[PDB]
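Listing of structure34.csv, CSV, C-alpha atoms and all ligand atoms
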chain,number,residue,atom,x,y,z
I,4,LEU,CA,-23.7,80.9,50.4
I,5,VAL,CA,-26.4,82.0,47.8
I,6,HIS,CA,-27.7,79.3,45.3
I,7,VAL,CA,-29.4,80.9,42.4
I,8,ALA,CA,-31.5,78.7,40.1
I,9,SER,CA,-30.4,78.8,36.5
I,10,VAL,CA,-32.5,77.0,33.8
I,11,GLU,CA,-30.5,74.4,31.7
I,12,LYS,CA,-29.8,76.4,28.6
I,13,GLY,CA,-32.6,76.5,26.1
I,14,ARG,CA,-34.9,73.8,27.8
I,15,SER,CA,-38.6,74.3,28.3
I,16,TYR,CA,-41.6,72.3,29.9
I,17,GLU,CA,-41.6,69.7,27.1
I,18,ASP,CA,-37.9,68.7,27.6
I,19,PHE,CA,-38.5,68.0,31.3
I,20,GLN,CA,-41.8,66.2,30.5
I,21,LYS,CA,-39.7,63.8,28.4
I,22,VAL,CA,-37.2,63.1,31.3
I,23,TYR,CA,-40.3,62.4,33.5
I,24,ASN,CA,-41.8,60.0,30.8
I,25,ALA,CA,-38.4,58.2,30.7
I,26,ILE,CA,-38.2,57.6,34.5
I,27,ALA,CA,-41.9,56.6,34.6
I,28,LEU,CA,-41.6,54.1,31.7
I,29,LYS,CA,-38.5,52.5,33.3
I,30,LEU,CA,-40.5,52.3,36.7
I,31,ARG,CA,-43.2,50.2,34.8
I,32,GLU,CA,-40.5,48.1,33.2
I,33,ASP,CA,-38.3,47.1,36.2
I,34,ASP,CA,-41.2,46.1,38.4
I,35,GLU,CA,-39.4,43.1,39.9
I,36,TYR,CA,-37.0,45.0,42.2
I,37,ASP,CA,-37.1,44.3,46.0
I,38,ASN,CA,-39.7,41.4,45.8
I,39,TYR,CA,-42.1,43.3,43.4
I,40,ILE,CA,-42.3,46.5,45.3
I,41,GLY,CA,-40.6,48.4,42.3
I,42,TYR,CA,-38.0,51.3,42.4
I,43,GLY,CA,-40.6,54.0,43.3
I,44,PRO,CA,-39.9,53.8,47.1
I,45,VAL,CA,-36.1,54.0,47.0
I,46,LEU,CA,-36.4,57.0,44.5
I,47,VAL,CA,-38.5,59.1,46.9
I,48,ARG,CA,-36.1,58.0,49.8
I,49,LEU,CA,-33.2,59.2,47.5
I,50,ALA,CA,-34.9,62.6,46.8
I,51,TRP,CA,-35.4,63.1,50.6
I,52,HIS,CA,-31.8,62.1,51.5
I,53,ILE,CA,-30.0,64.5,49.0
I,54,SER,CA,-32.4,67.3,50.3
I,55,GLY,CA,-32.2,66.5,54.0
I,56,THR,CA,-28.6,67.5,54.3
I,57,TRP,CA,-29.6,71.2,54.2
I,58,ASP,CA,-28.6,73.5,57.0
I,59,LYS,CA,-30.6,76.8,57.2
I,60,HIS,CA,-27.8,78.5,59.2
I,61,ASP,CA,-25.0,78.7,56.6
I,62,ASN,CA,-27.1,77.6,53.5
I,63,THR,CA,-24.9,74.5,52.8
I,64,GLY,CA,-26.2,71.2,51.6
I,65,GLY,CA,-29.7,70.4,50.3
I,66,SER,CA,-30.6,69.5,46.6
I,67,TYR,CA,-28.9,72.3,44.6
I,68,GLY,CA,-25.4,71.0,44.1
I,69,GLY,CA,-26.1,67.4,43.2
I,70,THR,CA,-23.3,66.5,45.5
I,71,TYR,CA,-24.4,62.9,46.2
I,72,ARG,CA,-22.5,62.1,43.0
I,73,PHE,CA,-19.2,62.5,45.0
I,74,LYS,CA,-17.7,59.6,47.1
I,75,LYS,CA,-17.9,61.2,50.6
I,76,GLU,CA,-21.7,61.7,50.6
I,77,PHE,CA,-22.2,58.5,48.6
I,78,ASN,CA,-20.4,56.4,51.2
I,79,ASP,CA,-22.2,57.9,54.2
I,80,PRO,CA,-23.6,55.0,56.4
I,81,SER,CA,-27.0,56.8,56.5
I,82,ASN,CA,-27.2,56.4,52.7
I,83,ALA,CA,-26.7,52.5,52.6
I,84,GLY,CA,-29.0,51.1,49.9
I,85,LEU,CA,-29.4,54.4,47.9
I,86,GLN,CA,-26.9,53.0,45.3
I,87,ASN,CA,-29.8,51.1,43.8
I,88,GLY,CA,-31.7,54.4,43.1
I,89,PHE,CA,-28.5,55.9,41.6
I,90,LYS,CA,-28.0,52.9,39.4
I,91,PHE,CA,-31.6,53.1,38.2
I,92,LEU,CA,-31.2,56.8,37.2
I,93,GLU,CA,-27.9,56.6,35.5
I,94,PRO,CA,-29.1,55.2,32.0
I,95,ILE,CA,-31.6,58.1,32.1
I,96,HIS,CA,-28.8,60.6,32.7
I,97,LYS,CA,-26.8,59.1,29.7
I,98,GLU,CA,-30.0,59.6,27.6
I,99,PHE,CA,-30.6,63.3,28.7
I,100,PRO,CA,-27.0,64.5,29.3
I,101,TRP,CA,-28.1,68.2,29.6
I,102,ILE,CA,-30.1,67.8,32.9
I,103,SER,CA,-28.2,68.7,36.1
I,104,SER,CA,-27.8,65.9,38.8
I,105,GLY,CA,-29.9,67.8,41.5
I,106,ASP,CA,-32.7,68.2,39.0
I,107,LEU,CA,-32.5,64.5,38.0
I,108,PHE,CA,-32.4,63.2,41.7
I,109,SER,CA,-35.3,65.4,42.8
I,110,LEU,CA,-37.5,64.8,39.7
I,111,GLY,CA,-37.1,61.0,40.2
I,112,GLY,CA,-38.7,61.5,43.6
I,113,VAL,CA,-41.6,63.6,42.0
I,114,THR,CA,-42.2,61.0,39.2
I,115,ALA,CA,-42.3,58.1,41.7
I,116,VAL,CA,-45.0,59.7,43.9
I,117,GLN,CA,-47.3,60.7,41.0
I,118,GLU,CA,-46.9,57.3,39.2
I,119,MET,CA,-47.7,55.5,42.5
I,120,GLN,CA,-51.1,57.4,42.4
I,121,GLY,CA,-49.9,60.2,44.8
I,122,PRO,CA,-50.9,63.9,44.5
I,123,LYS,CA,-49.4,66.1,41.7
I,124,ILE,CA,-46.2,67.8,43.2
I,125,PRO,CA,-45.3,71.2,41.5
I,126,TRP,CA,-41.6,71.0,40.5
I,127,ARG,CA,-39.0,73.7,39.6
I,128,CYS,CA,-35.9,73.3,37.4
I,129,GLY,CA,-32.7,75.2,37.8
I,130,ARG,CA,-30.2,73.4,40.1
I,131,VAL,CA,-26.6,73.6,39.1
I,132,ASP,CA,-23.9,71.0,39.8
I,133,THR,CA,-21.3,72.4,42.2
I,134,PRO,CA,-17.7,71.1,42.9
I,135,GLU,CA,-16.5,68.1,45.1
I,136,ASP,CA,-15.4,70.5,47.9
I,137,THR,CA,-19.0,71.7,48.4
I,138,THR,CA,-20.0,68.1,49.3
I,139,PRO,CA,-21.4,68.0,52.9
I,140,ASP,CA,-19.7,66.1,55.7
I,141,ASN,CA,-21.5,62.9,56.9
I,142,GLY,CA,-23.8,63.0,60.0
I,143,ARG,CA,-26.4,65.6,58.9
I,144,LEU,CA,-29.2,63.0,58.3
I,145,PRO,CA,-31.4,61.8,61.3
I,146,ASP,CA,-30.8,59.0,63.7
I,147,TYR,CA,-33.3,56.1,63.7
I,148,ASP,CA,-33.5,55.2,67.4
I,149,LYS,CA,-34.9,58.4,68.9
I,150,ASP,CA,-37.9,60.2,70.2
I,151,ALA,CA,-40.3,63.0,69.3
I,152,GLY,CA,-38.2,65.8,70.9
I,153,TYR,CA,-35.2,64.8,68.7
I,154,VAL,CA,-37.6,64.7,65.6
I,155,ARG,CA,-39.0,68.3,66.1
I,156,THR,CA,-35.4,69.6,66.8
I,157,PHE,CA,-33.8,67.9,63.8
I,158,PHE,CA,-36.5,69.2,61.4
I,159,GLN,CA,-36.0,72.8,62.7
I,160,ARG,CA,-32.7,72.8,60.8
I,161,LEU,CA,-34.7,72.5,57.5
I,162,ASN,CA,-37.4,74.6,59.0
I,163,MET,CA,-40.2,72.3,58.8
I,164,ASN,CA,-43.0,72.9,61.5
I,165,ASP,CA,-45.1,70.1,63.1
I,166,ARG,CA,-47.7,69.7,60.3
I,167,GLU,CA,-44.9,69.5,57.6
I,168,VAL,CA,-43.0,66.8,59.6
I,169,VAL,CA,-46.1,64.6,60.0
I,170,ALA,CA,-47.2,65.1,56.4
I,171,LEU,CA,-43.7,64.2,55.2
I,172,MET,CA,-43.4,61.1,57.4
I,173,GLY,CA,-46.5,59.6,55.7
I,174,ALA,CA,-44.1,58.7,52.8
I,175,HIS,CA,-43.4,55.6,55.0
I,176,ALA,CA,-46.5,54.1,53.5
I,177,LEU,CA,-44.0,53.2,50.8
I,178,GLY,CA,-41.3,50.6,50.7
I,179,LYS,CA,-39.9,48.9,53.8
I,180,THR,CA,-36.8,48.8,56.0
I,181,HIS,CA,-33.9,46.3,55.2
I,182,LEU,CA,-31.7,44.7,57.9
I,183,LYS,CA,-28.5,44.9,55.8
I,184,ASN,CA,-29.0,48.7,55.0
I,185,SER,CA,-30.3,50.2,58.3
I,186,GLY,CA,-30.5,47.6,61.1
I,187,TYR,CA,-34.3,47.5,61.1
I,188,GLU,CA,-36.5,45.0,59.1
I,189,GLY,CA,-40.0,45.0,57.8
I,190,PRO,CA,-42.7,47.1,55.9
I,191,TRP,CA,-44.8,49.9,57.5
I,192,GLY,CA,-48.0,48.4,55.8
I,193,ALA,CA,-49.6,46.3,53.2
I,194,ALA,CA,-50.0,48.5,50.0
I,195,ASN,CA,-46.4,49.7,50.0
I,196,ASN,CA,-46.1,50.9,46.4
I,197,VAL,CA,-49.3,52.7,46.2
I,198,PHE,CA,-49.4,56.2,47.9
I,199,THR,CA,-52.2,56.4,50.5
I,200,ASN,CA,-52.8,57.6,54.1
I,201,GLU,CA,-52.2,54.0,55.3
I,202,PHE,CA,-49.1,54.8,57.5
I,203,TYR,CA,-51.4,56.9,59.8
I,204,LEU,CA,-54.3,54.3,59.9
I,205,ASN,CA,-51.8,51.6,60.9
I,206,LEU,CA,-50.0,53.7,63.6
I,207,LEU,CA,-53.5,54.3,65.2
I,208,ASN,CA,-55.2,50.9,64.5
I,209,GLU,CA,-52.6,48.3,65.1
I,210,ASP,CA,-51.6,46.6,68.3
I,211,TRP,CA,-47.9,47.5,68.4
I,212,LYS,CA,-45.4,45.6,70.5
I,213,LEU,CA,-41.8,46.6,71.3
I,214,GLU,CA,-39.2,44.0,70.5
I,215,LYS,CA,-35.5,43.6,69.6
I,216,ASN,CA,-34.8,42.6,66.0
I,217,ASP,CA,-31.8,40.4,64.7
I,218,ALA,CA,-29.5,43.4,64.5
I,219,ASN,CA,-30.1,44.1,68.3
I,220,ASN,CA,-32.1,47.2,67.6
I,221,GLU,CA,-35.5,48.0,69.0
I,222,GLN,CA,-38.7,48.4,66.9
I,223,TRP,CA,-42.4,48.3,67.2
I,224,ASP,CA,-43.8,45.1,65.6
I,225,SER,CA,-47.5,44.4,65.0
I,226,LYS,CA,-49.5,41.1,64.7
I,227,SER,CA,-50.1,41.9,61.0
I,228,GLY,CA,-46.5,41.7,60.0
I,229,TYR,CA,-45.9,45.5,60.0
I,230,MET,CA,-43.2,47.5,61.8
I,231,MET,CA,-42.7,51.1,63.1
I,232,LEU,CA,-39.4,52.8,63.9
I,233,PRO,CA,-38.9,54.6,67.4
I,234,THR,CA,-39.0,57.8,65.3
I,235,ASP,CA,-42.4,56.8,63.8
I,236,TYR,CA,-43.9,55.6,67.0
I,237,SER,CA,-42.9,59.0,68.5
I,238,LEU,CA,-45.7,60.6,66.4
I,239,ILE,CA,-48.5,59.1,68.6
I,240,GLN,CA,-46.5,59.7,71.9
I,241,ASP,CA,-46.4,63.5,71.3
I,242,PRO,CA,-49.8,65.3,71.9
I,243,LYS,CA,-49.1,67.9,69.1
I,244,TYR,CA,-48.1,65.2,66.5
I,245,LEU,CA,-50.9,62.9,67.4
I,246,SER,CA,-53.7,65.4,66.6
I,247,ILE,CA,-52.2,65.8,63.0
I,248,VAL,CA,-51.8,61.9,62.6
I,249,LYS,CA,-55.5,61.6,63.4
I,250,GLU,CA,-56.4,64.3,60.9
I,251,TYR,CA,-54.6,62.5,58.1
I,252,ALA,CA,-56.0,59.1,59.2
I,253,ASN,CA,-59.5,60.6,58.7
I,254,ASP,CA,-58.9,62.6,55.6
I,255,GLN,CA,-56.6,61.4,52.8
I,256,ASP,CA,-57.2,64.5,50.5
I,257,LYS,CA,-56.0,66.8,53.3
I,258,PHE,CA,-52.9,64.6,53.7
I,259,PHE,CA,-52.3,64.7,49.8
I,260,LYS,CA,-52.6,68.6,49.8
I,261,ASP,CA,-50.2,69.0,52.8
I,262,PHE,CA,-47.6,66.3,51.6
I,263,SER,CA,-47.6,68.1,48.2
I,264,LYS,CA,-46.7,71.5,49.7
I,265,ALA,CA,-44.2,70.1,52.2
I,266,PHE,CA,-42.4,67.8,49.7
I,267,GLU,CA,-41.9,70.7,47.2
I,268,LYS,CA,-40.6,72.9,50.2
I,269,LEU,CA,-38.2,70.1,51.1
I,270,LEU,CA,-36.8,69.8,47.5
I,271,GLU,CA,-36.5,73.6,47.1
I,272,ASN,CA,-34.8,74.5,50.4
I,273,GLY,CA,-31.7,76.7,50.1
I,274,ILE,CA,-32.4,77.7,46.5
I,275,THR,CA,-33.2,81.3,45.3
I,276,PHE,CA,-35.5,81.5,42.3
I,277,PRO,CA,-35.2,84.7,40.3
I,278,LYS,CA,-38.6,86.3,39.4
I,279,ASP,CA,-37.8,85.6,35.7
I,280,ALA,CA,-37.5,81.9,36.3
I,281,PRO,CA,-40.4,79.7,34.8
I,282,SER,CA,-43.4,79.0,37.1
I,283,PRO,CA,-43.3,75.5,38.7
I,284,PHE,CA,-44.1,72.7,36.2
I,285,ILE,CA,-47.0,70.3,36.8
I,286,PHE,CA,-46.1,67.1,34.9
I,287,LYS,CA,-48.7,64.8,33.4
I,288,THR,CA,-48.5,61.1,34.3
I,289,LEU,CA,-48.1,58.3,31.6
I,290,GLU,CA,-51.8,57.5,31.9
I,291,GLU,CA,-52.9,61.1,31.3
I,292,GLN,CA,-50.8,61.2,28.2
I,293,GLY,CA,-52.0,57.7,27.0
I,294,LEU,CA,-48.5,56.2,27.2
I,301,LIG,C1,-36.9,61.3,61.1
I,301,LIG,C2,-37.1,61.0,59.7
I,301,LIG,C3,-36.8,59.8,59.1
I,301,LIG,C4,-36.1,58.7,59.5
I,301,LIG,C5,-35.4,58.4,60.8
I,301,LIG,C6,-36.2,57.8,58.4
I,301,LIG,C7,-35.6,56.5,58.4
I,301,LIG,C8,-35.7,55.6,57.4
I,301,LIG,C9,-35.0,54.3,57.4
I,301,LIG,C10,-34.2,53.8,58.5
I,301,LIG,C11,-35.4,53.7,56.2
I,301,LIG,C12,-35.1,52.2,55.7
I,301,LIG,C13,-33.7,52.1,55.0
I,301,LIG,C14,-33.4,50.7,54.5
I,301,LIG,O1,-33.1,49.8,55.3
I,301,LIG,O2,-33.5,50.4,53.3
I,301,LIG,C15,-36.3,54.6,55.6
I,301,LIG,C16,-36.9,54.3,54.3
I,301,LIG,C17,-37.7,55.1,53.5
I,301,LIG,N1,-37.9,56.4,53.9
I,301,LIG,FE1,-37.6,57.3,55.8
I,301,LIG,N2,-37.0,58.3,57.5
I,301,LIG,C18,-37.2,59.5,57.8
I,301,LIG,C19,-37.9,60.4,56.9
I,301,LIG,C20,-38.4,60.2,55.6
I,301,LIG,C21,-39.0,61.2,54.9
I,301,LIG,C22,-39.2,62.7,55.3
I,301,LIG,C23,-39.2,60.6,53.6
I,301,LIG,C24,-39.7,61.1,52.4
I,301,LIG,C25,-40.5,62.3,52.2
I,301,LIG,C26,-38.8,59.3,53.8
I,301,LIG,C27,-39.0,58.3,52.8
I,301,LIG,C28,-38.6,56.9,52.9
I,301,LIG,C29,-38.9,56.0,51.9
I,301,LIG,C30,-39.9,56.1,50.7
I,301,LIG,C31,-38.3,54.8,52.4
I,301,LIG,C32,-38.4,53.4,51.7
I,301,LIG,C33,-37.2,53.1,50.9
I,301,LIG,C34,-37.1,51.7,50.4
I,301,LIG,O3,-38.1,50.9,50.3
I,301,LIG,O4,-36.0,51.3,50.0
I,301,LIG,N3,-38.2,59.1,55.0
I,301,LIG,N4,-36.4,55.7,56.3

In structure tokens, what does this structure look like?
Amino acid sequence: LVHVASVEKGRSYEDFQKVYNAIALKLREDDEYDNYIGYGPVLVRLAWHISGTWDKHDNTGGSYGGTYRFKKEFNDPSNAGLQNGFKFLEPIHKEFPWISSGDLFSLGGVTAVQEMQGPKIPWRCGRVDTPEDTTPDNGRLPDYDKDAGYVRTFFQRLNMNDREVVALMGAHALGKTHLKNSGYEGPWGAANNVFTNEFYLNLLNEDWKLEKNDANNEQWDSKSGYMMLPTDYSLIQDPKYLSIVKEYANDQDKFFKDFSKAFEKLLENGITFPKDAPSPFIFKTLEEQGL
């Protein structure tokens, strides 16, 4: 498969800036969701999950085709709870009917990070909605109960190296796990709708204890009321991962620069951009525009 980016016909920077302003104004407005966390966290989880299906070997999956709109991918167990991010974005898609799904799903992830005071993420337009038979089979997204060897190996399919995996996992500063969606329960930290290097500081500074939760799964619980998944705790058990965790715990700017590069790489995998395509867009936040 080749997937060539095609700009939505006749649209420029300013049209996409309005779709960004619309997602961001609705983030401000529906601030009550999930006990006042807001929709920001489930929108960057949605952007990672439609992108994390990519397979570098046959170029199938990933964000291009917008295939989460189809029932098979939508009812994948691994995607339980994402229906809330989809429901949020659907009024915005009725308002801007010209934007493709893959561009809407991935721009939601970019708007959420920058409006939660994260770094600027360069974004590119150009995904095209492809048919229901290009929709990937379930089982391409990662298990929760595993170790650092599984983590390295899984991310090799999307060809992320060690630094990119650790920068990307820092998004777990946001949101929380929910027992009814995944079988795990609890937040990774305290400021869970602000984007900081907190996930790394907690992994290193808390006194984690292994215990079973009410679903019968294991997780690392700390005295402060925080949790860590087996896959998150893996990052201080592996000597290569642990040096990068420490680097981000000591330097938030270095984490912001690396997360920014790795998150755009995640959202662009499997997509060929023609040299005539526009440069990546840097959107202004509500606040920078005075809105
Ligand atoms: C080995 C990799 C990963 C595993 C096993 C994993 C697993 C999970 C699980 C089990 C949840 C909670 C689901 C629920 O109960 O609602 C979750 C939530 C979340 N994940 Fe990860 N994750 C991984 C990677 C990532 C990456 C790379 C990103 C983003 C760049 C990400 C972003 C999020 C966010 C923001 C949430 C919070 C969602 C909410 O509050 O509803 N995850 N993840």

Output as CSV one row per residue of stretch 100-215 of chain I within 10 Å of stretch 235-243 of chain I: the closest atom pair and its distance in Å to one decimal place, counting only C-alpha atoms, sorted by chain and residue number ascending.
residue,atom,partner,partner_atom,distance
I:147,CA,I:235,CA,9.1
I:148,CA,I:235,CA,9.7
I:149,CA,I:237,CA,8.0
I:150,CA,I:237,CA,5.4
I:151,CA,I:237,CA,4.8
I:152,CA,I:241,CA,8.5
I:153,CA,I:237,CA,9.6
I:154,CA,I:237,CA,8.3
I:165,CA,I:243,CA,7.5
I:166,CA,I:243,CA,9.1
I:168,CA,I:238,CA,9.6
I:169,CA,I:238,CA,7.6
I:172,CA,I:235,CA,7.8
I:173,CA,I:235,CA,9.5
I:175,CA,I:235,CA,8.9
I:191,CA,I:235,CA,9.6
I:202,CA,I:235,CA,9.4
I:203,CA,I:238,CA,9.5
I:206,CA,I:236,CA,7.2
I:207,CA,I:239,CA,7.7
I:211,CA,I:236,CA,9.1

Please report as a tab-separated table every residue of chain I lying within 8 Å of ligand LIG 301 (chain I), along with the nearest atom pair and their distance in Å (one decimal), using only C-alpha atoms and all ligand atoms.
residue	atom	partner	partner_atom	distance
I:37	CA	I:LIG301	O3	7.9
I:40	CA	I:LIG301	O3	7.9
I:42	CA	I:LIG301	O4	7.9
I:43	CA	I:LIG301	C30	7.7
I:44	CA	I:LIG301	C30	4.3
I:45	CA	I:LIG301	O4	4.0
I:46	CA	I:LIG301	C30	7.2
I:47	CA	I:LIG301	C30	5.0
I:48	CA	I:LIG301	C29	4.0
I:49	CA	I:LIG301	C29	7.9
I:50	CA	I:LIG301	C24	7.5
I:51	CA	I:LIG301	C24	5.1
I:52	CA	I:LIG301	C23	7.8
I:83	CA	I:LIG301	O2	7.2
I:84	CA	I:LIG301	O2	5.7
I:85	CA	I:LIG301	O4	7.6
I:145	CA	I:LIG301	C5	5.3
I:146	CA	I:LIG301	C5	5.5
I:147	CA	I:LIG301	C5	4.3
I:148	CA	I:LIG301	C5	7.6
I:154	CA	I:LIG301	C1	5.7
I:157	CA	I:LIG301	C1	7.8
I:158	CA	I:LIG301	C1	7.9
I:168	CA	I:LIG301	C22	7.1
I:171	CA	I:LIG301	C22	4.7
I:172	CA	I:LIG301	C22	5.0
I:173	CA	I:LIG301	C25	7.5
I:174	CA	I:LIG301	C24	5.0
I:175	CA	I:LIG301	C28	5.4
I:176	CA	I:LIG301	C30	7.4
I:177	CA	I:LIG301	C30	5.0
I:178	CA	I:LIG301	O3	3.2
I:179	CA	I:LIG301	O3	4.4
I:180	CA	I:LIG301	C12	3.8
I:181	CA	I:LIG301	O1	3.6
I:182	CA	I:LIG301	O1	5.9
I:183	CA	I:LIG301	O1	6.7
I:184	CA	I:LIG301	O1	4.3
I:185	CA	I:LIG301	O1	4.1
I:186	CA	I:LIG301	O1	6.7
I:187	CA	I:LIG301	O1	6.4
I:188	CA	I:LIG301	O1	7.0
I:232	CA	I:LIG301	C5	7.5
I:234	CA	I:LIG301	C5	5.8
I:235	CA	I:LIG301	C1	7.6
I:266	CA	I:LIG301	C25	6.3

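The residue that comes closest to residue I:7, out of I:252, I:102, I:265, I:131 and on the basis of all atoms listed in the file, is I:131.
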
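A straight line drawn from atom CA of residue I:135 to atom CA of residue I:62 is 16.5 Å long.
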
Quiz item: So which one's closest to residue I:260, I:25, I:113, I:5, I:170? Using only C-alpha atoms, please.
Solution: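 Counting only C-alpha atoms, the residue closest to residue I:260 is I:170.
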
What does the structure give for the distance between atom CA of residue I:291 and atom CA of residue I:28, in Å to one decimal?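 Calculated distance between atom CA of residue I:291 and atom CA of residue I:28 is 13.3 Å.
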
Residues within 9 Å of residue I:64, only C-alpha atoms, excluding chain neighbours under 3 positions, as a list in words
residues 53, 54, 55, 56, 57, 58, 67, 68, 70, 137, 138, 139 and 273 of chain I

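Separating atom CA of residue I:280 from atom CA of residue I:127 is a distance of 9.0 Å.
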
Practice prompt. Select, from I:247, I:119, I:290, I:210, the residue with the minimum atom-to-atom distance to residue I:194, counting only C-alpha atoms.
Written response: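 Of the candidates, the smallest distance to residue I:194 is held by I:119.
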
Q | Near-residue I:99 list (10 Å; only C-alpha atoms; drop same-chain fewer than 2 positions) as a VMD selection string | A | chain I and resid 18 to 19 21 to 22 25 93 to 97 101 to 103 107

* Asked: Which neighbours of residue I:75 fall inside 12 Å, counting all atoms listed in the file, when residues of the same chain fewer than 2 positions from it are skipped, and could you give them as a PyMOL selection string?
  -> chain I and resi 70-73+77-82+135-142

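Using all atoms listed in the file, the smallest distance between any of I:114, I:66, I:199, I:156 and residue I:258 comes from I:199.
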
Residue I:276 surroundings by only C-alpha atoms, 10 Å radius, close-in-sequence under 6 positions cut, as a list in words: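 Here the answer would be residues 6, 7, 8, 9, 127, 128, 129, 130 and 282 of chain I.
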
Restricted to C-alpha atoms, what does stretch 62-85 of chain I look like when written out as an mmCIF file, in the first residue's frame?
data_model
loop_
_atom_site.group_PDB
_atom_site.id
_atom_site.type_symbol
_atom_site.label_atom_id
_atom_site.label_comp_id
_atom_site.auth_asym_id
_atom_site.auth_seq_id
_atom_site.Cartn_x
_atom_site.Cartn_y
_atom_site.Cartn_z
ATOM 1 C CA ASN I 62 1.791 -0.256 5.341
ATOM 2 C CA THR I 63 -1.763 -1.078 6.589
ATOM 3 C CA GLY I 64 -3.481 0.797 9.455
ATOM 4 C CA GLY I 65 -2.424 4.035 11.141
ATOM 5 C CA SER I 66 -4.231 7.458 10.906
ATOM 6 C CA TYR I 67 -4.640 7.905 7.127
ATOM 7 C CA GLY I 68 -7.887 6.111 6.380
ATOM 8 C CA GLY I 69 -10.024 7.344 9.271
ATOM 9 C CA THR I 70 -11.172 3.703 9.653
ATOM 10 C CA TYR I 71 -12.179 3.957 13.361
ATOM 11 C CA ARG I 72 -15.527 5.247 11.929
ATOM 12 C CA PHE I 73 -16.314 1.624 10.944
ATOM 13 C CA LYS I 74 -17.939 -0.852 13.370
ATOM 14 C CA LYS I 75 -15.100 -3.496 13.535
ATOM 15 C CA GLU I 76 -12.394 -1.120 14.770
ATOM 16 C CA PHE I 77 -14.975 0.826 16.824
ATOM 17 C CA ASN I 78 -15.968 -2.319 18.788
ATOM 18 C CA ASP I 79 -12.441 -3.527 19.437
ATOM 19 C CA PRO I 80 -12.171 -4.286 23.296
ATOM 20 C CA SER I 81 -8.931 -2.267 23.366
ATOM 21 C CA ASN I 82 -10.922 0.825 22.320
ATOM 22 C CA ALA I 83 -13.574 0.643 25.195
ATOM 23 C CA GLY I 84 -14.280 4.265 26.365
ATOM 24 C CA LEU I 85 -13.151 6.005 23.119
#
